[PDB]
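Going by the order they are written in, the chains are A, B, C, D and E; count residues from 1 in each one.
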Amino acid sequence: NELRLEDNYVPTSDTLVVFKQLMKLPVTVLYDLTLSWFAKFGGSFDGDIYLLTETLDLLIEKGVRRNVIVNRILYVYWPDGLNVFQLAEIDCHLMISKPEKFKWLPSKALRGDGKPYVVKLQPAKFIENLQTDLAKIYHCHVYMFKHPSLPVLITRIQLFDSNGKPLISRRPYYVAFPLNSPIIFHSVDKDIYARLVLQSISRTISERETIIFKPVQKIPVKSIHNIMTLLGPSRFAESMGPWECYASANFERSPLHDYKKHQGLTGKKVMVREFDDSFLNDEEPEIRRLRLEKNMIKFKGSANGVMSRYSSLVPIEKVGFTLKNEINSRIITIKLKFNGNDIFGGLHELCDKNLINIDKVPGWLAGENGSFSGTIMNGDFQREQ
Amino acid sequence: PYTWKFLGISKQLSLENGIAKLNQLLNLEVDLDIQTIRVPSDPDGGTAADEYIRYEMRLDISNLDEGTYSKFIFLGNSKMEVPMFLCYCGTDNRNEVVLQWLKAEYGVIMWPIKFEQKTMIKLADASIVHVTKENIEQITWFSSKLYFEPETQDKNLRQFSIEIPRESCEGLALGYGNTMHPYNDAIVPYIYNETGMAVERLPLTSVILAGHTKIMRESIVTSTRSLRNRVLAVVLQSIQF
Amino acid sequence: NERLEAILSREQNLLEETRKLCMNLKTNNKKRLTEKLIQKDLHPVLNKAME
Amino acid sequence: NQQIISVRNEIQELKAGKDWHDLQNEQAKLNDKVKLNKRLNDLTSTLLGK
Amino acid sequence: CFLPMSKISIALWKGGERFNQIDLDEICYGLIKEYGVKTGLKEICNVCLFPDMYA
């Protein structure tokens, strides 16, 4: 059952798609990349490692464009094609550089009666166990790397199908494992291959007891950094929006700190709000700056703000809110649908333009439960699946 | 789906002046309709201010050709500033030939019709209300939804919608009580009552009823056979100063 | 096709064994629930517990 | 392929189902309850009778 | 742990005769587990001290 692919294998790939893909990379990452590539697989160049150094050094010393070096890589050093390990390294640097282009989707791990289970994934064991299970079904080549700035482990999985005399590659599948969290991030794809990969991952983790994977949400998240704050292990996972200051915990100092600069002793100046409805009937620049600051606190949680200034901590693309209430001994419901880039950020400026009243802003509309489309019932928010 | 193009009149004109001389330029027969009815602004009583005169005719011979069908519906007053307006549907040469003929006849000049939030919502009130042959007013309800398109930088919030099931519409008007303007006292305040957004201040794109009408500021779209009378009257007051 | 055919036959055999064990466990649980504690030998201090 | 997938899906579903684990749970409670009654009845006969 | 820890156990005698300390441990472990500490200790006296109330 040697269906796994070694590092020396050269899968078939179109030279045109890889031609434009390498153009997106800067010269500095295309320089050192080929140097490690020659140190592992060699090349068709008539020289050793040292000769390939000054020849490539001359190109970067001349400030030459990105096009010619890509042509040299594709048609001179490796004219036949690119290896499977070689292809995986390219996507590794693209993930680190620009993470906005790649989708993500959460998944919760449950076992037994439903208690959440924290994953204790190990790199060495997971590589062979996943390969062994998928060897009998398809050709599998798994390569995982640790995120440089985050504790999340990113796993790259590809499936190969036979045909062009040899086989060809398919679309990749990405699975992200947080360091310590019961939630698994994975790329969204509705394919028969995608279902097999996710199911096989559940089995190899369930060596102790049976574990099921359930999709928490339907709408994907644009960035890995954004999805790490909302659902990964962090202090901002639950408290957000108006409660963002609690996660930062900057307002309260240590009990052993000096008492001279205490908030209670110093005090603060705030605007007296009027509970009488004068918004429908509709200046001091000292009162105007308070009006802008009142909207500043409600949508971000702090007067200074935590990261122009209208952007939120994490953008949300789609939210669906259903509000239910009982009037005249019967249920009255209304459905609100939103769409945009930063829905909660966009709602902030509408208060700045005095289009909507800031006092009568519900907590869910303010920005609480970011990216959680749910139904509000009797003043409480319930997750909708 | 029939799209209606709206249009106003500068000063009151007479249209039945020369139906014989409106045809030879067009080379086919056009009929005439003379009609006036009561439009009760208040159910208790009505003054002489609702005295309305309406004209209607068409330009066609072929009933099979439903696509090439157009109607010119006139209605208006004679005592306020703007006497009347007009509306038409469909695209054809017949939608303008008469229009030039009274371009150079009476000296009235036209202008596109402008709608904003103060008017757009109240049109659905006249659309949903019904009148029977016994002068009894009952309301046929529809699940209205609203379209909002706020202008913003970064396109952070470019379009959002509010949908109301109209059984919940039923539960709102009954709570307020018997009202002749359901969207004054059951619907529009309730959106501000719960979510705190002012519908009128926000830029509104469309108000959609459940399979009856299609209201947008640029043009009104309705799947009915012909437009009603309360709709035209409320349009007239709205465009009045 | 031949190798995967054996895999299909092997997995469904384990599938039947596990399901028939669960069905047997359900029948055994009903057997243990009745005739073992509701009869006359019940303990009055456990009668409140059974209430 | 889906024949393998569909079968494998319900292999995990039956083992990870709440009902199957409930059968395991009810086994422990039923075995414990009969044990307590047997011992508690045994001592009462010993304490009072010969 | 570091918080204070409390232990509960019982022992009974019949005119100076010591009972088996083994079987008396389960009957006190499960009786107060199924009814709580507050109520569980009440029927310990009801069973040990009032055996004729059962017969």
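Methods note: a residue touches a chain if its C-beta (ideal position, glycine included) is under 8 Å from a C-beta of that chain, and two chains touch if they have at least 3 such contacts.
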For chain D and chain E, chains touching each: C
Most distant chain from chain C, judged by the mean position of its C-alpha atoms: B
Taking each chain's C-alpha mean as its centre, the one farthest from chain D: B
Selected pair, greater C-beta contact count between C-E and C-D: C-D
Where chain A and chain D are represented by their mean Cα positions, the distance between them in whole Å: 43
Inter-centroid spacing, chain E versus chain C (mean Cα positions, whole Å): 35
Chain centre separation in whole Å, for chain D relative to chain B (CA means): 72
Shared-contact residues (touching 2 or more other chains) in chain C: 4, 7, 45
Multi-partner residues of chain B (at least 2 other chains): none
Shared interface positions of chain A, touching two or more other chains: 137
Chain C to chain D touching residues, read off their complex: 4, 7-8, 11-12, 14-15, 18-19, 22, 25-26, 28-29, 32-33, 36-37, 41-43, 45-46
Contacting residues of chain D [partner chain A, same complex]: 1-2, 4-5, 8-9, 12, 15-16, 18, 21
Touch list for chain E against partner chain C, complex: 31, 34-35, 43, 46-47, 54
Residues on chain D engaged by chain E in the complex (per definition of touch): 32, 36, 39-40, 43-44, 47-48
In the complex, chain B residues that touch chain A: 150, 152-165, 168, 171-172, 174-175, 190-192, 194-198, 201-202
